[PDB]
Amino acid sequence: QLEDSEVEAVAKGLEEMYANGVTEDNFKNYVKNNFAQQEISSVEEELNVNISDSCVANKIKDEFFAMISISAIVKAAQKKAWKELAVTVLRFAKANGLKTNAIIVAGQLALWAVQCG
């Protein structure tokens, strides 16, 4: 299914952004410090989120919560099982044609689970 090199790149990004907690600030500051504007803008358009300028209605977020267990995600982040977390949210993304930067996408999905779950 998922290419393991992309899984590990996503897991490493999650580990770096969220080493000190899954927070909106840690996500946005990590993304703005590590990705080009163009890459960020593509994710913002795909997910209808604002990253480069808590819980409000979002299409994709609701479909994410209907398919993927919030409890499974939060447990993975609690244990710092970042590659477990990555495969779980990447399975949702590839299914739904979320083809923008997988590290940013995974970061946003993990944030949604923790801050909105």
# chains A, B, ... in the order shown; residues from 1 in each chain; ligands from 1
>>> residues_around(residues="residue A:112", least_positions_apart="4", cutoff="10 Å", atoms="only C-alpha atoms", output="MDAnalysis selection string")
chainID A and resid 22:24 54:55 61:62 64:65 70 73 106:108 116:117
>>> write_last_selection(atoms="N, CA and C atoms", output="PDB file, in the first residue's frame")
ATOM      1  N   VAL A  22       1.339  18.303  20.555  1.00  0.00           N
ATOM      2  CA  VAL A  22       0.527  18.542  19.372  1.00  0.00           C
ATOM      3  C   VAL A  22      -0.265  19.816  19.647  1.00  0.00           C
ATOM      4  N   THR A  23       0.216  20.951  19.131  1.00  0.00           N
ATOM      5  CA  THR A  23      -0.479  22.229  19.260  1.00  0.00           C
ATOM      6  C   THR A  23      -0.536  22.925  17.904  1.00  0.00           C
ATOM      7  N   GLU A  24      -1.523  23.810  17.747  1.00  0.00           N
ATOM      8  CA  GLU A  24      -1.640  24.531  16.483  1.00  0.00           C
ATOM      9  C   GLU A  24      -0.386  25.341  16.205  1.00  0.00           C
ATOM     10  N   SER A  54     -10.269  27.392  17.523  1.00  0.00           N
ATOM     11  CA  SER A  54      -9.538  26.151  17.291  1.00  0.00           C
ATOM     12  C   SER A  54     -10.294  25.243  16.333  1.00  0.00           C
ATOM     13  N   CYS A  55     -11.469  24.794  16.766  1.00  0.00           N
ATOM     14  CA  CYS A  55     -12.272  23.815  16.041  1.00  0.00           C
ATOM     15  C   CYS A  55     -13.438  24.538  15.381  1.00  0.00           C
ATOM     16  N   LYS A  61     -12.230  17.393   7.531  1.00  0.00           N
ATOM     17  CA  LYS A  61     -12.103  16.979   8.920  1.00  0.00           C
ATOM     18  C   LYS A  61     -13.251  16.064   9.319  1.00  0.00           C
ATOM     19  N   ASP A  62     -14.465  16.387   8.882  1.00  0.00           N
ATOM     20  CA  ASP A  62     -15.587  15.548   9.269  1.00  0.00           C
ATOM     21  C   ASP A  62     -15.514  14.186   8.603  1.00  0.00           C
ATOM     22  N   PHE A  64     -12.739  12.729   7.740  1.00  0.00           N
ATOM     23  CA  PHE A  64     -11.641  12.100   8.470  1.00  0.00           C
ATOM     24  C   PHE A  64     -12.122  11.474   9.777  1.00  0.00           C
ATOM     25  N   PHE A  65     -12.882  12.233  10.580  1.00  0.00           N
ATOM     26  CA  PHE A  65     -13.370  11.706  11.855  1.00  0.00           C
ATOM     27  C   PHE A  65     -14.389  10.586  11.666  1.00  0.00           C
ATOM     28  N   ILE A  70     -10.398   8.809  16.199  1.00  0.00           N
ATOM     29  CA  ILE A  70      -9.661   9.832  16.940  1.00  0.00           C
ATOM     30  C   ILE A  70      -8.855   9.196  18.061  1.00  0.00           C
ATOM     31  N   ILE A  73      -5.584   7.781  16.863  1.00  0.00           N
ATOM     32  CA  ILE A  73      -4.588   8.814  16.566  1.00  0.00           C
ATOM     33  C   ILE A  73      -3.991   9.381  17.848  1.00  0.00           C
ATOM     34  N   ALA A 106      -0.379  15.282   6.906  1.00  0.00           N
ATOM     35  CA  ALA A 106      -0.399  14.446   8.102  1.00  0.00           C
ATOM     36  C   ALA A 106      -0.366  15.295   9.360  1.00  0.00           C
ATOM     37  N   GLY A 107       0.425  16.362   9.345  1.00  0.00           N
ATOM     38  CA  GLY A 107       0.465  17.237  10.503  1.00  0.00           C
ATOM     39  C   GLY A 107      -0.889  17.844  10.812  1.00  0.00           C
ATOM     40  N   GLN A 108      -1.608  18.290   9.775  1.00  0.00           N
ATOM     41  CA  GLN A 108      -2.920  18.882   9.994  1.00  0.00           C
ATOM     42  C   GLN A 108      -3.920  17.842  10.482  1.00  0.00           C
ATOM     43  N   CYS A 116      -9.388  18.810  18.252  1.00  0.00           N
ATOM     44  CA  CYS A 116     -10.826  18.777  18.034  1.00  0.00           C
ATOM     45  C   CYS A 116     -11.478  17.478  18.481  1.00  0.00           C
ATOM     46  N   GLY A 117     -10.698  16.478  18.882  1.00  0.00           N
ATOM     47  CA  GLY A 117     -11.253  15.209  19.315  1.00  0.00           C
ATOM     48  C   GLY A 117     -11.589  15.163  20.792  1.00  0.00           C
TER      49      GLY A 117
END
>>> closest_residue(among="A:68, A:56, A:87, A:98", to="residue A:115", atoms="only C-alpha atoms")
A:56
>>> atom_distance(atom1="atom CA of residue A:102", atom2="atom CA of residue A:77")
17.2 Å
>>> closest_residue(among="A:90, A:19, A:103, A:81", to="residue A:3", atoms="only C-alpha atoms")
A:90
>>> residues_around(residues="stretch 25-29 of chain A", least_positions_apart="6", cutoff="7 Å", atoms="only C-alpha atoms", output="PyMOL selection string")
chain A and resi 17-18+51+107
>>> closest_residue(among="A:89, A:21, A:34, A:59", to="residue A:46", atoms="only C-alpha atoms")
A:59
>>> closest_residue(among="A:1, A:52, A:84, A:114", to="residue A:33", atoms="only C-alpha atoms")
A:52
>>> closest_residue(among="A:85, A:14, A:60, A:76", to="residue A:43", atoms="only C-alpha atoms")
A:60
>>> closest_residue(among="A:63, A:32, A:2, A:75", to="residue A:47", atoms="only C-alpha atoms")
A:63
>>> select_by_dssp(residues="chain A", states="helix (DSSP H, G or I)", output="PyMOL selection string")
chain A and resi 4-17+24-34+37-47+59-67+70-78+82-95+102-116
>>> residues_around(residues="residue A:101", least_positions_apart="6", cutoff="12 Å", atoms="only C-alpha atoms", output="ChimeraX atom specification")
/A:6,9-10,13,31,34-47,90,93-94,107-108
>>> atom_distance(atom1="atom CA of residue A:96", atom2="atom CA of residue A:20")
29.6 Å
>>> decode(residues="stretch 2-97 of chain A", atoms="C-alpha atoms", output="PDB file, in the first residue's frame")
ATOM      1  CA  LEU A   2       1.959   2.976   1.362  1.00  0.00           C
ATOM      2  CA  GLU A   3       5.529   3.640   0.236  1.00  0.00           C
ATOM      3  CA  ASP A   4       7.686   3.189   3.327  1.00  0.00           C
ATOM      4  CA  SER A   5      10.081   6.024   2.479  1.00  0.00           C
ATOM      5  CA  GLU A   6       7.164   8.469   2.412  1.00  0.00           C
ATOM      6  CA  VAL A   7       5.825   6.973   5.648  1.00  0.00           C
ATOM      7  CA  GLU A   8       9.183   7.498   7.362  1.00  0.00           C
ATOM      8  CA  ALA A   9       9.484  11.046   6.008  1.00  0.00           C
ATOM      9  CA  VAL A  10       6.028  11.797   7.412  1.00  0.00           C
ATOM     10  CA  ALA A  11       6.874  10.129  10.728  1.00  0.00           C
ATOM     11  CA  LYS A  12      10.053  12.175  11.013  1.00  0.00           C
ATOM     12  CA  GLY A  13       8.177  15.392  10.294  1.00  0.00           C
ATOM     13  CA  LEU A  14       5.541  14.549  12.901  1.00  0.00           C
ATOM     14  CA  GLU A  15       8.277  13.789  15.432  1.00  0.00           C
ATOM     15  CA  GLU A  16       9.986  17.121  14.751  1.00  0.00           C
ATOM     16  CA  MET A  17       6.856  19.296  14.726  1.00  0.00           C
ATOM     17  CA  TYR A  18       5.223  17.658  17.721  1.00  0.00           C
ATOM     18  CA  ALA A  19       8.135  16.659  19.954  1.00  0.00           C
ATOM     19  CA  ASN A  20       6.916  19.185  22.541  1.00  0.00           C
ATOM     20  CA  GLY A  21       3.183  18.632  22.063  1.00  0.00           C
ATOM     21  CA  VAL A  22       0.527  18.542  19.372  1.00  0.00           C
ATOM     22  CA  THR A  23      -0.479  22.229  19.260  1.00  0.00           C
ATOM     23  CA  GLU A  24      -1.640  24.531  16.483  1.00  0.00           C
ATOM     24  CA  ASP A  25       1.368  26.779  17.029  1.00  0.00           C
ATOM     25  CA  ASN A  26       3.858  23.891  16.788  1.00  0.00           C
ATOM     26  CA  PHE A  27       2.247  22.762  13.536  1.00  0.00           C
ATOM     27  CA  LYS A  28       2.078  26.162  11.862  1.00  0.00           C
ATOM     28  CA  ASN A  29       5.538  27.316  12.926  1.00  0.00           C
ATOM     29  CA  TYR A  30       7.131  24.048  11.846  1.00  0.00           C
ATOM     30  CA  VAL A  31       5.385  24.206   8.464  1.00  0.00           C
ATOM     31  CA  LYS A  32       6.254  27.853   7.838  1.00  0.00           C
ATOM     32  CA  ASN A  33       9.867  27.218   8.846  1.00  0.00           C
ATOM     33  CA  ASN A  34      10.370  24.126   6.663  1.00  0.00           C
ATOM     34  CA  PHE A  35       8.244  24.353   3.478  1.00  0.00           C
ATOM     35  CA  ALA A  36       8.025  26.777   0.589  1.00  0.00           C
ATOM     36  CA  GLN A  37       4.961  29.013   0.333  1.00  0.00           C
ATOM     37  CA  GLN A  38       3.819  27.196  -2.817  1.00  0.00           C
ATOM     38  CA  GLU A  39       3.802  23.832  -1.018  1.00  0.00           C
ATOM     39  CA  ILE A  40       1.888  25.349   1.898  1.00  0.00           C
ATOM     40  CA  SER A  41      -0.650  27.036  -0.400  1.00  0.00           C
ATOM     41  CA  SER A  42      -1.437  23.734  -2.148  1.00  0.00           C
ATOM     42  CA  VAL A  43      -2.331  22.109   1.177  1.00  0.00           C
ATOM     43  CA  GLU A  44      -4.397  25.114   2.235  1.00  0.00           C
ATOM     44  CA  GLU A  45      -6.458  24.826  -0.946  1.00  0.00           C
ATOM     45  CA  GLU A  46      -6.849  21.046  -0.767  1.00  0.00           C
ATOM     46  CA  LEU A  47      -7.854  20.920   2.908  1.00  0.00           C
ATOM     47  CA  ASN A  48      -9.522  24.370   3.190  1.00  0.00           C
ATOM     48  CA  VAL A  49      -7.278  25.343   6.096  1.00  0.00           C
ATOM     49  CA  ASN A  50      -5.217  28.395   6.954  1.00  0.00           C
ATOM     50  CA  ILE A  51      -1.564  27.686   7.796  1.00  0.00           C
ATOM     51  CA  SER A  52       0.346  30.799   6.692  1.00  0.00           C
ATOM     52  CA  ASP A  53      -1.638  33.945   7.428  1.00  0.00           C
ATOM     53  CA  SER A  54      -9.538  26.151  17.291  1.00  0.00           C
ATOM     54  CA  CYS A  55     -12.272  23.815  16.041  1.00  0.00           C
ATOM     55  CA  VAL A  56     -14.623  24.992  13.290  1.00  0.00           C
ATOM     56  CA  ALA A  57     -16.538  23.135  10.593  1.00  0.00           C
ATOM     57  CA  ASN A  58     -14.461  21.531   7.842  1.00  0.00           C
ATOM     58  CA  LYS A  59     -15.558  19.069   5.140  1.00  0.00           C
ATOM     59  CA  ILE A  60     -12.423  17.008   5.138  1.00  0.00           C
ATOM     60  CA  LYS A  61     -12.103  16.979   8.920  1.00  0.00           C
ATOM     61  CA  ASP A  62     -15.587  15.548   9.269  1.00  0.00           C
ATOM     62  CA  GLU A  63     -14.932  12.827   6.692  1.00  0.00           C
ATOM     63  CA  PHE A  64     -11.641  12.100   8.470  1.00  0.00           C
ATOM     64  CA  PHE A  65     -13.370  11.706  11.855  1.00  0.00           C
ATOM     65  CA  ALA A  66     -16.066   9.489  10.327  1.00  0.00           C
ATOM     66  CA  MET A  67     -13.480   7.002   8.952  1.00  0.00           C
ATOM     67  CA  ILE A  68     -10.464   7.156  11.280  1.00  0.00           C
ATOM     68  CA  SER A  69     -10.632   6.677  15.047  1.00  0.00           C
ATOM     69  CA  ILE A  70      -9.661   9.832  16.940  1.00  0.00           C
ATOM     70  CA  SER A  71      -8.777   7.563  19.859  1.00  0.00           C
ATOM     71  CA  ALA A  72      -6.330   5.602  17.687  1.00  0.00           C
ATOM     72  CA  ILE A  73      -4.588   8.814  16.566  1.00  0.00           C
ATOM     73  CA  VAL A  74      -4.376  10.410  20.023  1.00  0.00           C
ATOM     74  CA  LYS A  75      -3.029   7.144  21.483  1.00  0.00           C
ATOM     75  CA  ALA A  76      -0.310   7.009  18.815  1.00  0.00           C
ATOM     76  CA  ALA A  77       0.742  10.593  19.553  1.00  0.00           C
ATOM     77  CA  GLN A  78       0.673   9.973  23.313  1.00  0.00           C
ATOM     78  CA  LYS A  79       3.130   7.100  22.833  1.00  0.00           C
ATOM     79  CA  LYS A  80       5.223   9.038  20.273  1.00  0.00           C
ATOM     80  CA  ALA A  81       4.503   6.151  17.884  1.00  0.00           C
ATOM     81  CA  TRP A  82       4.961   8.578  15.018  1.00  0.00           C
ATOM     82  CA  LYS A  83       5.157   5.953  12.307  1.00  0.00           C
ATOM     83  CA  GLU A  84       1.964   4.299  13.565  1.00  0.00           C
ATOM     84  CA  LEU A  85       0.360   7.754  13.417  1.00  0.00           C
ATOM     85  CA  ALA A  86       1.718   8.372   9.918  1.00  0.00           C
ATOM     86  CA  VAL A  87       0.358   5.170   8.391  1.00  0.00           C
ATOM     87  CA  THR A  88      -3.054   5.816   9.928  1.00  0.00           C
ATOM     88  CA  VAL A  89      -3.499   9.344   8.583  1.00  0.00           C
ATOM     89  CA  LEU A  90      -1.724   8.579   5.280  1.00  0.00           C
ATOM     90  CA  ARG A  91      -4.152   5.738   4.639  1.00  0.00           C
ATOM     91  CA  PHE A  92      -6.974   8.273   4.879  1.00  0.00           C
ATOM     92  CA  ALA A  93      -5.181  10.789   2.640  1.00  0.00           C
ATOM     93  CA  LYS A  94      -4.232   8.493  -0.251  1.00  0.00           C
ATOM     94  CA  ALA A  95      -7.757   7.062  -0.285  1.00  0.00           C
ATOM     95  CA  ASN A  96      -9.341  10.499  -0.614  1.00  0.00           C
ATOM     96  CA  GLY A  97      -7.010  11.909  -3.258  1.00  0.00           C
TER      97      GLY A  97
END
